[PDB]
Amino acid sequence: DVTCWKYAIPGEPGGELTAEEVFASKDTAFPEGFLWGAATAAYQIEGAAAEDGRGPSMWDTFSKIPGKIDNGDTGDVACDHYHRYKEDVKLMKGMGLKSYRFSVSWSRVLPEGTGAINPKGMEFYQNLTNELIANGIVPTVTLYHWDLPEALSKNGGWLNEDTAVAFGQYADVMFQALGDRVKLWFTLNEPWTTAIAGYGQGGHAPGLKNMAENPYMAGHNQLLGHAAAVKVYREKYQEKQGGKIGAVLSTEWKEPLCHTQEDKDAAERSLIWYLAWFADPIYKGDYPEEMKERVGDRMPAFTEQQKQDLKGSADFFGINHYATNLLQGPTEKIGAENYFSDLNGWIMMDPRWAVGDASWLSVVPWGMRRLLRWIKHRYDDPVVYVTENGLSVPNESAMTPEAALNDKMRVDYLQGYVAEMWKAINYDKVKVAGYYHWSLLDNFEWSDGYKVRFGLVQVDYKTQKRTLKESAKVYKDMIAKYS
């Protein structure tokens, strides 16, 4: 008499409403001033990797090593956005985007990660910022989106607290240069992924392998980096510039496989290990107690000063979200030994769910609603920005370019997840203030290379031609309708 594979919540307001029904309703509206946007990251789109003074990032180093990137791809050229940024901004104007989320290449501004500003690098981000504002688009900026300067990577990267210090000094430089115009700052993008993929599994730069200790240490120093950047911002810039700052965290929604307390506990535990790992420090001042107790001497301890620096170090909750996982309570005692054994949960997908162009991307729109609601509950009703959400259409690169433009699945993903976001705003009272679709452009999808396509806008990498897909046009109409 144990119910499994049944995710509907009895009595949930709006639970049964389809995306079509949500958008057909005359009463469906979004908050005033809602920031409809799209997101990118510097290494994924800019190119010009070794021109105009840019120093190498650890992803330049990583991508040059045979076997690290699928199909031998690199970010050397990417979408050539460094040269073509004016055209890309005009595309965004045409779509009526309210806002754009981009990242700054740390090593384009500070080639060694510290020291002298590279004038042409700084000038690019000033020019990009001005171009956005001149075209009515609100610029929002990610300071760290994985392109750690190689010089810092060589000195231990996020396993070295020196990197956190350097990050704070870099944030300082960017606030001073752009903060008169940029009023929404994201410190780090997906510290989970940097820690696990970059330092734990080695699938991402810098390619290190240790799941017992490295993820927790890399997470630790990223958090210290966040605290340092926010401290600078609050003390030196915030009163004067009147902007806001926060982190961009990430997780799948974690849904219990069965209606048992064991599976409910396992699902909650995965949310803690993925998201609260970073958010409890930022909102409450320390790691979750259950993580400290489970992980023991493999979890670094914050000093008293660090806890003070971390508590309350966000003005909003940035969240990247794509997918949902089912969680099961293990039936045999799991030993705490490494990140995935520590969280004591068995992870799976419902085979009935559609998937994107990688196995991690399950298409489960209601996960968006449930995660947003979870965030509201745990972190005392913060301002929330959905800072990434999007779809890689399976085998899109093997389609004719013409067929790829008719991206019905991406249309359905956009509509579905936005409708469930709306439910969170309307029924669950989550204070969502913006939504940034991943991505404006097809781009360098890290270790998957260019084969995996997330764009609203198709890029022909041979000619660099941009072409709007169906989803871009649907998104344009959505934004105009709900201003």
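In this text, residue numbers run from 1 along the sequence as written.
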Mean Cα B-factor comparison, 39-47 or 423-431, giving the higher one as deposited: 423-431
151-159 or 236-244, whichever carries the higher mean Cα B-factor: 236-244
Residue with highest C-alpha B-factor in the PDB entry, from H226, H220, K254, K90: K90
Which of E268, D80, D357, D412 ranks first by CA B-factor in the deposited coordinates: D412
Ranked C-alpha temperature factor of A29 among modelled chain residues, by third: highest
Chain-wide C-alpha B factor ranking for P281, given as lowest, middle or highest third: middle
Chain-relative CA temperature factor third for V22: highest
Third of the chain's Cα B-factor distribution that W346 belongs to, per the entry: highest
CA B-factor placement of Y125, once the chain's modelled residues are sorted into thirds: lowest
